[PDB]
Amino acid sequence: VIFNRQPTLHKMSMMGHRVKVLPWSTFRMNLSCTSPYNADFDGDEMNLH
DNA sequence: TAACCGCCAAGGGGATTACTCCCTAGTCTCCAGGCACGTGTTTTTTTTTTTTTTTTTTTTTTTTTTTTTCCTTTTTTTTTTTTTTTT
């Protein structure tokens, strides 16, 4: 799947990922994604395609 | 108080006559500046293209996501039906 955070300022702000199914209603990913996505986990809404 | 007149005295130079001489009047003859005709090269006028600043027009303003609220006409003129009064 395609994983994208807005605003996309550069090439590295949307990746491809492999789906792992987890019960809870949030998106779960590795911490090292926080630097290319410029994410802060403080209410960041983010898209999957 | 000396102008003016009368009287007298003295002298100076313009008029007159004659001789001379020399400069111009007149007449050829050659030739050259004075003048009639043509025109010019600067001067002004007009176009021509650019320049330079001012003014006007137009277009622009990071992305994604989630909730309400209000409104989505309105007065103003014309028409048409209804009701009341009169003979």
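Note that the numbers count up from 1, one per residue, in the order the chain is shown.
Per the header of the entry, the method used was electron microscopy, 7.8 Å.
For all residues, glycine too, the Cβ spot is worked out from N, Cα and C.
Sequence annotations record features per position, and here Swiss-Prot assigns Mg(2+) 1 binding site to A:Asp40, A:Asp42, A:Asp44. What Swiss-Prot lists as Mg(2+) 2 binding site is A:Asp40, A:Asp42.
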Between A:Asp42, A:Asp44, which of the binding-site residues has its C-beta surrounded by the fewest other C-beta atoms within 10 Å?
A:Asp42
Counting every protein chain present, what is the number of Cβ atoms, excluding its own, within 10 Å of the Cβ of A:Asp40 (Mg(2+) 1 binding site)?
8
Excluding A:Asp40, A:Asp42, A:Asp44, which residues of the same chain place their Cβ within 8 Å of the centroid of the Cβ atoms of the recorded Mg(2+) 1 site?
A:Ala39, A:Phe41, A:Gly43
